[PDB]
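Chemist: Contents are PDB, C-alpha atoms; file name my_file04.pdb:
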```
MODEL        1
ATOM      1  CA  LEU Q 518       0.000   0.000   0.000  1.00  0.00           C
ATOM      2  CA  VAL Q 519       2.631   2.509  -1.135  1.00  0.00           C
ATOM      3  CA  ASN Q 520       2.541   5.087  -3.937  1.00  0.00           C
ATOM      4  CA  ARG Q 521       5.722   6.111  -5.726  1.00  0.00           C
ATOM      5  CA  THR Q 522       6.859   8.142  -8.735  1.00  0.00           C
ATOM      6  CA  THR Q 523      10.279   8.493 -10.341  1.00  0.00           C
ATOM      7  CA  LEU Q 524      11.942  10.984 -12.687  1.00  0.00           C
ATOM      8  CA  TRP Q 525      14.975  10.119 -14.809  1.00  0.00           C
ATOM      9  CA  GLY Q 526      16.887  12.019 -17.462  1.00  0.00           C
ATOM     10  CA  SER Q 527      20.253  13.016 -18.857  1.00  0.00           C
ATOM     11  CA  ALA Q 528      21.937  16.236 -19.962  1.00  0.00           C
ATOM     12  CA  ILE Q 529      25.304  17.950 -20.418  1.00  0.00           C
ATOM     13  CA  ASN Q 530      26.575  20.640 -18.027  1.00  0.00           C
ATOM     14  CA  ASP Q 531      30.339  21.126 -18.084  1.00  0.00           C
ATOM     15  CA  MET Q 532      33.079  23.496 -19.179  1.00  0.00           C
ATOM     16  CA  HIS Q 533      34.547  23.239 -22.656  1.00  0.00           C
ATOM     17  CA  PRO Q 534      37.622  20.970 -22.902  1.00  0.00           C
ATOM     18  CA  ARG Q 535      39.685  23.510 -24.872  1.00  0.00           C
ATOM     19  CA  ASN Q 536      40.311  26.811 -23.055  1.00  0.00           C
ATOM     20  CA  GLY Q 537      36.945  26.573 -21.311  1.00  0.00           C
ATOM     21  CA  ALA Q 538      38.271  28.001 -18.053  1.00  0.00           C
ATOM     22  CA  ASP Q 539      40.057  30.937 -19.686  1.00  0.00           C
ATOM     23  CA  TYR Q 540      36.772  32.717 -20.423  1.00  0.00           C
ATOM     24  CA  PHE Q 541      36.117  33.547 -16.775  1.00  0.00           C
ATOM     25  CA  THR Q 542      37.823  35.748 -14.199  1.00  0.00           C
ATOM     26  CA  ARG Q 543      37.257  36.839 -10.607  1.00  0.00           C
ATOM     27  CA  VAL Q 544      37.441  40.295  -9.028  1.00  0.00           C
ATOM     28  CA  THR Q 545      37.381  41.081  -5.305  1.00  0.00           C
ATOM     29  CA  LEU Q 546      36.653  44.570  -3.991  1.00  0.00           C
ATOM     30  CA  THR Q 547      37.663  46.381  -0.810  1.00  0.00           C
ATOM     31  CA  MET Q 548      36.709  49.470   1.211  1.00  0.00           C
ATOM     32  CA  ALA Q 549      39.972  50.499   2.852  1.00  0.00           C
ATOM     33  CA  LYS Q 550      41.336  53.582   1.071  1.00  0.00           C
ATOM     34  CA  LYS Q 551      42.735  56.262   3.341  1.00  0.00           C
ATOM     35  CA  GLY Q 552      40.450  59.268   3.280  1.00  0.00           C
ATOM     36  CA  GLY Q 553      37.489  57.329   1.906  1.00  0.00           C
ATOM     37  CA  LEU Q 554      33.772  57.648   2.587  1.00  0.00           C
ATOM     38  CA  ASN Q 555      31.902  54.730   4.175  1.00  0.00           C
ATOM     39  CA  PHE Q 556      28.332  54.791   2.900  1.00  0.00           C
ATOM     40  CA  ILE Q 557      27.304  52.171   5.468  1.00  0.00           C
ATOM     41  CA  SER Q 558      27.844  54.559   8.390  1.00  0.00           C
ATOM     42  CA  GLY Q 559      28.008  57.919   6.625  1.00  0.00           C
ATOM     43  CA  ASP Q 560      31.463  59.107   7.686  1.00  0.00           C
ATOM     44  CA  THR Q 561      35.162  58.726   6.927  1.00  0.00           C
ATOM     45  CA  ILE Q 562      36.649  55.236   6.626  1.00  0.00           C
ATOM     46  CA  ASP Q 563      38.789  55.061   9.787  1.00  0.00           C
ATOM     47  CA  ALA Q 564      39.521  58.770   9.280  1.00  0.00           C
TER      48      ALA Q 564
ATOM     49  CA  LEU G 518      56.057  12.260 -55.110  1.00  0.00           C
ATOM     50  CA  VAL G 519      57.058  15.384 -53.195  1.00  0.00           C
ATOM     51  CA  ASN G 520      55.786  18.887 -53.963  1.00  0.00           C
ATOM     52  CA  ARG G 521      57.647  22.042 -52.984  1.00  0.00           C
ATOM     53  CA  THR G 522      57.106  25.787 -53.334  1.00  0.00           C
ATOM     54  CA  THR G 523      59.351  28.743 -52.494  1.00  0.00           C
ATOM     55  CA  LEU G 524      59.000  32.521 -52.393  1.00  0.00           C
ATOM     56  CA  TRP G 525      61.740  35.107 -52.784  1.00  0.00           C
ATOM     57  CA  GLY G 526      62.110  38.861 -52.981  1.00  0.00           C
ATOM     58  CA  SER G 527      64.134  41.881 -51.956  1.00  0.00           C
ATOM     59  CA  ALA G 528      63.131  45.035 -50.103  1.00  0.00           C
ATOM     60  CA  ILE G 529      64.583  47.811 -47.960  1.00  0.00           C
ATOM     61  CA  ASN G 530      63.296  48.357 -44.418  1.00  0.00           C
ATOM     62  CA  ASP G 531      65.653  50.530 -42.390  1.00  0.00           C
ATOM     63  CA  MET G 532      65.845  53.935 -40.788  1.00  0.00           C
ATOM     64  CA  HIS G 533      67.128  56.984 -42.615  1.00  0.00           C
ATOM     65  CA  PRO G 534      70.919  57.249 -43.073  1.00  0.00           C
ATOM     66  CA  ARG G 535      70.824  60.992 -42.358  1.00  0.00           C
ATOM     67  CA  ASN G 536      69.821  61.680 -38.723  1.00  0.00           C
ATOM     68  CA  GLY G 537      66.908  59.263 -38.997  1.00  0.00           C
ATOM     69  CA  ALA G 538      66.891  58.555 -35.256  1.00  0.00           C
ATOM     70  CA  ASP G 539      65.956  62.181 -34.542  1.00  0.00           C
ATOM     71  CA  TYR G 540      62.306  61.590 -35.517  1.00  0.00           C
ATOM     72  CA  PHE G 541      61.398  59.432 -32.499  1.00  0.00           C
ATOM     73  CA  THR G 542      61.133  60.044 -28.759  1.00  0.00           C
ATOM     74  CA  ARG G 543      60.166  57.623 -26.004  1.00  0.00           C
ATOM     75  CA  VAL G 544      58.022  58.799 -23.090  1.00  0.00           C
ATOM     76  CA  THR G 545      57.628  56.801 -19.876  1.00  0.00           C
ATOM     77  CA  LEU G 546      54.538  57.287 -17.714  1.00  0.00           C
ATOM     78  CA  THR G 547      55.077  57.504 -13.959  1.00  0.00           C
ATOM     79  CA  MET G 548      52.189  56.999 -11.579  1.00  0.00           C
ATOM     80  CA  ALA G 549      53.283  58.138  -8.108  1.00  0.00           C
ATOM     81  CA  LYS G 550      52.388  61.423  -6.416  1.00  0.00           C
ATOM     82  CA  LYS G 551      51.305  62.514  -2.954  1.00  0.00           C
ATOM     83  CA  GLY G 552      47.777  63.490  -3.977  1.00  0.00           C
ATOM     84  CA  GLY G 553      47.193  60.906  -6.672  1.00  0.00           C
ATOM     85  CA  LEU G 554      44.587  58.237  -7.393  1.00  0.00           C
ATOM     86  CA  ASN G 555      45.709  54.890  -8.771  1.00  0.00           C
ATOM     87  CA  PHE G 556      43.670  53.735 -11.753  1.00  0.00           C
ATOM     88  CA  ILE G 557      44.820  50.122 -11.437  1.00  0.00           C
ATOM     89  CA  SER G 558      44.129  49.722  -7.713  1.00  0.00           C
ATOM     90  CA  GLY G 559      41.611  52.507  -7.134  1.00  0.00           C
ATOM     91  CA  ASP G 560      43.213  53.851  -3.957  1.00  0.00           C
ATOM     92  CA  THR G 561      45.002  57.028  -2.950  1.00  0.00           C
ATOM     93  CA  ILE G 562      48.802  57.136  -2.917  1.00  0.00           C
ATOM     94  CA  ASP G 563      50.369  57.997   0.456  1.00  0.00           C
ATOM     95  CA  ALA G 564      47.138  59.659   1.624  1.00  0.00           C
TER      96      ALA G 564
ENDMDL
END
```
What does this structure look like when you write it as structure tokens?
Modeler:
Amino acid sequence: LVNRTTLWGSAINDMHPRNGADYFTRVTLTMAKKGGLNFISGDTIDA
Amino acid sequence: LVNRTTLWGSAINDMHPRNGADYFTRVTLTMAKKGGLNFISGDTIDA
């Protein structure tokens, strides 16, 4: 006395073998410049 | 059964015999000053 359903399927999701990774790049940002303005608090960034 | 093909020619590519070097100057860009903003990093230089 049990009911059950199942889904199966196949697909492709991967990076291209030739130079696939070279298309992407990462950038990280910071808020530390001397004499900067912190918009979170509204004043100078550590003076 | 080997094929082969060659190219040949003559040309002149050189700077002028008479004071030719006097038509070019090199300029080097410096990027350091007390009140400057770095384009590459986006931060002030020495406050």
Chemist: Show me which bits of chain G are within 10 Å of chain Q, counting all atoms listed in the file, as a short mmCIF file (atom, residue, chain, number, x, y, z; two decimals) with C-alpha atoms, in the frame of the given file.
Modeler:
```
data_model
loop_
_atom_site.label_atom_id
_atom_site.label_comp_id
_atom_site.auth_asym_id
_atom_site.auth_seq_id
_atom_site.Cartn_x
_atom_site.Cartn_y
_atom_site.Cartn_z
CA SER G 558 44.13 49.72 -7.71
CA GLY G 559 41.61 52.51 -7.13
CA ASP G 560 43.21 53.85 -3.96
CA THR G 561 45.00 57.03 -2.95
CA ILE G 562 48.80 57.14 -2.92
CA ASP G 563 50.37 58.00 0.46
CA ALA G 564 47.14 59.66 1.62
#
```
Chemist: Chain G least-squares fit onto chain Q, all C-alpha atoms in order: RMSD in Å?
Modeler: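 The root-mean-square deviation of C-alpha positions is 1.1 Å.
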Chemist: How far is it from atom CA of residue 537 of chain Q to atom CA of residue 525 of chain Q, in Å with one decimal?
Modeler: 28.2 Å
